[PDB]
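Asker:
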Amino acid sequence: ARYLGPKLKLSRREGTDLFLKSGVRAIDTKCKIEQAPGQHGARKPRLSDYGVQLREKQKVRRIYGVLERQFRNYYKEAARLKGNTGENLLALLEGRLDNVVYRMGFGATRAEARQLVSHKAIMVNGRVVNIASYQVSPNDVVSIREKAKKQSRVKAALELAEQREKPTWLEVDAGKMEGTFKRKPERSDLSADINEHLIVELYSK
Amino acid sequence: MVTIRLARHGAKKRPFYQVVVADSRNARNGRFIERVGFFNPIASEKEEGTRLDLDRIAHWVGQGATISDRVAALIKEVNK
Amino acid sequence: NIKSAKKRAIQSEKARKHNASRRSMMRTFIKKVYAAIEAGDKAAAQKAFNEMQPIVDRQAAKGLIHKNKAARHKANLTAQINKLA
RNA sequence: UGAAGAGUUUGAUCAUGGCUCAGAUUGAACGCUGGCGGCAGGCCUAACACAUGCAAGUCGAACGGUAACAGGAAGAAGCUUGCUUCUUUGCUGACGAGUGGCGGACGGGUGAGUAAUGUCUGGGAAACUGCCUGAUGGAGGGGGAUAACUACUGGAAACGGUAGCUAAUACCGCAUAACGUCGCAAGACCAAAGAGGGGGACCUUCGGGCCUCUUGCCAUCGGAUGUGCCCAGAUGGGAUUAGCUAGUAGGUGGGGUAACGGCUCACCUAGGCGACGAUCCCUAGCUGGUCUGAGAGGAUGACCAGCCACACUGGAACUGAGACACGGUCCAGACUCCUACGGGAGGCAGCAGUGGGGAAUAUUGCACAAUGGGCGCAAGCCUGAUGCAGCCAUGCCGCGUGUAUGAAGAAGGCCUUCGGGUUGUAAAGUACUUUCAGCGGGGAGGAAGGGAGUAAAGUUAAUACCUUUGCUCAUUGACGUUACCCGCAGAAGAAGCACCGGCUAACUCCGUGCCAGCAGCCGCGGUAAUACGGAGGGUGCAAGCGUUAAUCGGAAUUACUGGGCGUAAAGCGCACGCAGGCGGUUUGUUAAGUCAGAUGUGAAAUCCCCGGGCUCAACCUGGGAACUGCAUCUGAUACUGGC
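Residue numbers (the authors' numbering), protein chains in the order written: chain AD, 1 to 205; chain AP, 1 to 80; chain AT, 2 to 86.
Here is the structure:
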């Protein structure tokens, strides 16, 4: 599922921008995040003792568009070869084909990037791939199919990608819409909207 | 009759086949003396596709087990 | 269509009238050889055993008692004429 | 590179002992909702019963022959003397049925029985072993049956019975016969079939004398592989079953089987088996496997691979290489069906529907296309084997239902001493995006080969037979609307269900007023119900979401890893003691047990490593590993038992 409902009401409830429906009217003010302080008290009357990590667990899911059962499986595979769930977990999410199509700039949102992958428009090493959870490795070449290379939103997404922070671990050419992974993303750069004592005891908590 | 024969192995619309030595006598792919190869009708157009233990077959024929037209033709796929 | 198993009991009873009849004849032949030992001794027994020898092989030539019992009968009685003093 | 705990005894608190919830799950069932595709699995119940049709054949290159087709062979006539008719005929291509050889125990379905002579796993001795494969021998002679056909005949028939007649690769004798028989050994004895394609000189009544290769036939003795047999280690409950037994326990003599044993009989002997549970009774496919958790451990063995048993209910075993015979025999029982009435067919726990049983489990689908087996020397024929569709959120996995734009923020809704807030970029309005589905066209490969061409200085008598290559002609596709490509198509056809007093995520207002309707526990509802029903807003997961009778986790609260006995719950009121458990120490020796080393084995799938094939993976696999086991050989010589 993709939730398919109104988006900005989620980011406002998390006091954090989730990049949902981002671009154009969503850059430079009028997103209104953390600007409604209420008429009396913090509206935490109450509220739940486990609210952290519980809302942080929805945040880290919703901000990549990743579902519980797959996120729990990421937390299990991330431990292999001494990978550490405090490091490899985030680098696996950033290494997704739907995030790589978003970081190469062909989608303005991770949803828009996913909707290029599933709609049979994306290739990895010349082979067509429709799996948004495909893990891109330090030798993979990612590109678009000829039927989609001239689409309006794809060209508009590249006009936003050049204003976004540069992902130094990859290469891309916009005239062919073809790029290559050169390094795995690293925690010394890869930084997220999550607190440092949270999601390090994920599940059973 | 001990025979060198092709055994039922594969998937729906994707047959693979193995070759074994057995008295027949015995049922389908079971209770065989030893395995000697696999066919793979596709073999992905590669030399690491299709294998046959031509030297163990040479000790099992003679003066040994029988080999019929379609199984004596497996050597033509490895060529040989 | 056919089912030739449906013929095999009739083909067995029609043959039984000789193939089991000769089992009674062979059980009797042992009696004729022991009766030739009392008729008697080395100058009757080995002459009379040679009436039985070819009939046992001539029955075994058709199957029925061929696996061991035909040679068993010949060996059993060869040992009984060899026992004579 | 893995492993939440908590609640509940009170006015409070610490213990203990039960009980309970938050997570996984099924061949399931139930509720609401439900698309594209893929991989599996799909009567668990009545071992209840089956309509209507099938599921097993083949050889004319063994043979008697011929209902038909077609060509020869032979006669009689017309006179129209060149065109036809009549009366015969396996001689021959071919083949209906008949004789004769081989196949059907290939390969499926089902656990009723059995706590086992049974699965898993390891051994042993007394036997047989068709076809395959290896070596060594053999092929003269005589005689009698019989089908088809036809004439008779039982019965209303179904279904075939009889007689006359005739042949063998059908049958028996008379011959010949090995390293077989038995013995130290000489040696005696037991058997049977030719057939086919090709082909010259000589000869005929020219439907073979005779040459040549192939393949059979009869026998002896080995391998290869199975089949029969007995053991060992492994093993559901019950002691408010404690004794049980008469082929039970041992001997003597027959018979039996390929072989063994009491195996089966007849007689002598009285033993044999028991607390390591005999005896008896209830329940029961087993293991590869499956689910659960960090694992141990627990609950359990559909499908799957292998093995053992079963064929409506029951007996006997026979055939054959093989059945303790799904589509067999002699039938019997319970039955269904037929009979206008004199006796007759049969067993879906095959493939499919259906009556019944059930909360419940998919279509009387398509096809001899591919493959195997069977017959055939081969062309070829048989195949509900098999190979594929069809249906189902029943489990698992990849993926749609749009996306872009758009407000001092609309109308409408909810909350509010009515200020204001919130649904909300959500909507409308305007543009993208045709993924999936829909729809027309193009369209693989899965299909090789026989006949012909070929090709080896083939075989030979240079196109038989036999034998070889890659291709062509013509024939061989159920799946199928294949896969895949190209276009026509327009937001168009596409979203649920549960939850929001405390534990416990998200919560307020209305109505009801102890009523109605709720509840995992504390407990809800009498005028603020965060507990019912609604409403507006949130929480959760999503083609799924949920509710239950239950199993695994939480559960160390069944306690081995790993429980407890002063009272909370269990230590016998006491004395002695057989059978059991346990026992100092110096030496040797036994090797049951331990530890060490090998050779066999531990089926294939499959975990885990790892190479291919579809993106990942389910699946098909190619190579590895493990399965600490068990046996058979061999060391160490320490401890335990033994002496």
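Ideal Cβ positions, reconstructed from N, Cα and C, are used throughout, including at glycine.
Tell me which residues share the same chain as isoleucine 194 (chain AD) and place their Cβ nearer than 8 Å to its Cβ, disregarding the 5 neighbours each side in the sequence.
Answerer: Within the first sequence, numbered from 1, the residue matching residue 194 (chain AD) stands at position 194. Contacts found: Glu56, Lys59 and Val60.
Asker: In the DSSP output, what is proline 15 (chain AP) paired with across the bridge?
Answerer: The sequence position of residue 15 (chain AP) within the second sequence is 15, counting from 1. According to DSSP, which records beta bridges pairwise, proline 15 (chain AP) is partnered with AP:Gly10.
Asker: Whose CA, out of AD:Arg2, AD:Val129 and AD:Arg69, lies closest to the CA of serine 143 (chain AD)?
Answerer: Within the first sequence, residue 143 (chain AD) is the residue found at index 143, counting from 1. Here the closest residue by C-alpha is AD:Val129.
Asker: Tell me which same chain residues have a C-beta within less than 8 Å of the C-beta of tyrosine 74 (chain AD), skipping the five on either side of it?
Answerer: Looking up residue 74 (chain AD) in the first sequence gives position 74. Within the same chain, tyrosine 74 (chain AD) has close Cβ partners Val66, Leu89, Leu92 and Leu93.
Asker: Give me the Cα-Cα distance between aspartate 58 (chain AT) and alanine 72 (chain AT), rounded to the nearest whole angstrom.
Answerer: Residue mapping note: residue 58 (chain AT) aligns to position 57 of the third sequence, counting from 1. Residue mapping note: residue 72 (chain AT) aligns to position 71 of the third sequence, counting from 1. About 8 Å.
Asker: Quick check on the DSSP output: the beta strand (DSSP E) that includes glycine 37 (chain AP) runs from which residue to which?
Answerer: In the second sequence, residue 37 (chain AP) corresponds to position 37, counting from 1. Counting along the chain, the beta strand (DSSP E) containing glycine 37 (chain AP) begins and ends at 34-38.
Asker: Thinking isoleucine 75 (chain AP) and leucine 52 (chain AP) are a contact (beta carbons under 8 Å), I'd like their distance in whole angstroms, please.
Answerer: The sequence position of residue 75 (chain AP) within the second sequence is 75, counting from 1. The sequence position of residue 52 (chain AP) within the second sequence is 52, counting from 1. Their Cβ separation, rounded to whole angstroms, is 7 Å, which keeps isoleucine 75 (chain AP) and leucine 52 (chain AP) in contact under 8 Å.
Asker: For the putative contact between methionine 123 (chain AD) and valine 172 (chain AD), defined by C-beta atoms under 8 Å, what is the C-beta separation to the nearest angstrom?
Answerer: In the first sequence, the residue the question calls residue 123 (chain AD) occupies position 123. In the first sequence, the residue the question calls residue 172 (chain AD) occupies position 172. About 14 Å; that fails the 8 Å criterion.
Asker: Around the Cβ of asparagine 99 (chain AD), are there at least 16 other Cβ atoms within 10 angstroms (buried) or fewer (exposed)?
Answerer: What you label residue 99 (chain AD) is simply residue 99 of the first sequence in a count that begins at 1. Result: buried.
Asker: Confirm, please, whether the CB-CB distance from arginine 14 (chain AP) to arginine 28 (chain AP) is below 8 Å.
Answerer: Within the second sequence, numbered from 1, the residue matching residue 28 (chain AP) stands at position 28. Within the second sequence, numbered from 1, the residue matching residue 14 (chain AP) stands at position 14. Cβ atoms of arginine 28 (chain AP) and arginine 14 (chain AP): not closer than 8 Å.
Asker: Quick check on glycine 95 (chain AD): buried or exposed, where buried means 16 or more other Cβ atoms within 10 Å of its Cβ?
Answerer: By one-based count along the first sequence, residue 95 (chain AD) stands at place 95. Per the 10 Å Cβ criterion, buried.
Asker: Taking just the CA atoms, how far does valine 71 (chain AP) sit from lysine 68 (chain AT)?
Answerer: To locate residue 68 (chain AT), count along the third sequence from 1; it is residue 67. To locate residue 71 (chain AP), count along the second sequence from 1; it is residue 71. Answer to the nearest angstrom: the Cα atoms are 37 Å apart.
Asker: Please return the same chain residues whose Cβ sits closer than 7 Å to the Cβ of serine 137 (chain AD), not counting the five positions on each side in sequence.
Answerer: As a first step, residue 137 (chain AD) must be located in the first sequence, where it is residue number 137. Excluding residues within five positions, the ones whose Cβ falls inside 7 Å are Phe181.
Asker: Going residue by residue through the region 59-140 of chain AD, where are the continuous alpha helix (DSSP H) segments of at least 4 residues, counting only ones entirely within it?
Answerer: Runs of the alpha helix (DSSP H) inside the region 59-140 of chain AD: 68-77, 89-94, 97-103 and 110-117.
Asker: Just list the alpha helix (DSSP H) runs in the region 29-78 of chain AT, keeping only unbroken ones of 4 residues or longer that don't cross its boundaries, in chain order.
Answerer: Listed in chain order, they are 43-50 and 54-61.
Asker: Going by alpha carbons, who is nearest to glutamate 162 (chain AD) out of AD:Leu18, AD:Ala26, AD:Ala1 and AD:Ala108?
Answerer: Your numbering for residue 162 (chain AD) matches position 162 in the first sequence. Looking at the Cα atoms, AD:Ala108 is the closest of the given residues.
Asker: Sorted by chain position, which residues of the same chain lie with C-beta nearer than 8 Å to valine 52 (chain AD)'s C-beta, five sequence neighbours on each side aside?
Answerer: Counting from one through the first sequence, the residue named residue 52 (chain AD) turns up at place 52. Only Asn195 and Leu198 meet the Cβ criterion.
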